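This document starts with one chain, in the form whose entry title says "active state", laid out as structure tokens.
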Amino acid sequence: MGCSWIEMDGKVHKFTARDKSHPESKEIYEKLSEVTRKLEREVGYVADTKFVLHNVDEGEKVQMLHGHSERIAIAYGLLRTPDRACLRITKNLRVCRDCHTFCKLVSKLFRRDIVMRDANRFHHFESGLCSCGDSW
């Protein structure tokens, strides 16, 4: 589905969008919010959060959309792999524009290359720029 995998010197962990029925370790979500804040503070990142509303009965309801799984995978990688180590992410869907931008900025600020294989392309993020040239 919307799955991402991180591969760390042969070792593999899978991540999905937020599922409160199967929560990841809170330490990982804490790292994500910490990285998001540092991106906002240190490189002027405009952090996105998405939500929807459904036309239910007796009024209306809003529902926060869960951030995409590769951001969780990247936070896990920043927690578990050495400083400056390349982060290798595999996705089964095409990386969206907002996640692609997130990856660029992470590669710059945390001084780690990111190699992402999404549905269609290898994206190599180095120092804030991607090998795809932002066409994918």
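We call the rigid core the largest set of C-alpha positions that still match within 1.5 Å between the two forms. Throughout, we count residues from 1 along the sequence that is shown.
What follows is about the form whose entry title says "inactive state", which we do not show.
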Item checked: Residue showing a 2 Å-or-more C-alpha displacement between this form and the one not shown once the rigid core is overlaid, selected from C96, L79, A47, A85 -> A47
Notebook entry, point to check: Fitting the rigid core first, would the Cα of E60 be found 2 Å or more away between this form and the one not shown?
Noted result: yes
Notebook entry, point to check: Which is it in that other deposited form for the CA atoms of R117 and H66, closer or farther than here, knowing they shift by 3 Å or more?
Noted result: closer
Next item on the list: Mind checking the CA-CA distance of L32 and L65 in that other deposited form? It differs by 3 Å or more from this form, so is it closer or farther?
Entry: farther
